[PDB]
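Novice: Numbering (the authors' numbering), first residue to last: 1 to 92.
1. Residue 37 and residue 25 - do their beta-carbons sit closer together than 9 Å?
2. Looking at residue 56 and residue 47, is the spacing between their C-beta atoms short of 9 Å?
3. According to the Cβ coordinates, are residue 28 and residue 60 closer than 9 Å?
4. For residue 45, write down the residues that DSSP places opposite it in a beta bridge.
5. Tell me whether residue 64 is buried or exposed, calling it buried when 16 or more other Cβ atoms sit within 10 Å of its Cβ.
6. Tell me which residues share the same chain as residue 84 and place their Cβ nearer than 8 Å to its Cβ, disregarding the 5 neighbours each side in the sequence.
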């Protein structure tokens with residue numbers, strides 16, 4: 001291949017370069033302006049109040065608003081846990 005050079009992306013960060021803000025429990029990500037959470041890899045774009053994620057396959061930020069369409073009934077999609085929509089279906 002010799003076409004589609006594929007441009008317009010982000011750097012390759014490391015959370016080991018972020019700043020922990022113990023006043024609230026987040027990391028702050030000066031390379032972006034985002035906040036990262038250590039337990040929740042969904043970044044917080046404070047600017048617009050968007051929740052994002054780093055997708056290193058696409059080397060860009062994407063929104064993390066909902067996934068795996070079995071909920072779409074909150075911010076997130078809790079419906080993978082196995083209780084999800086309850087037993088439904090009779091008991092047999």
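The beta carbon of each residue, even a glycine, is placed where N, CA and C say it ideally should be.
Specialist: Judging by the given coordinates:
1. Between residue 25 and residue 37, the CB-CB gap stays under 9 Å.
2. Taking 9 Å as the Cβ cut-off, residue 47 and residue 56 do not qualify as a contacting pair.
3. No, the Cβ-Cβ distance between residue 28 and residue 60 is not below 9 Å.
4. The partner list for residue 45 (beta bridge, DSSP) reads 50.
5. By the 10 Å Cβ count, residue 64 comes out buried.
6. For residue 84, where only same-chain residues beyond five positions count, the Cβ hits under 8 Å are 70, 78.
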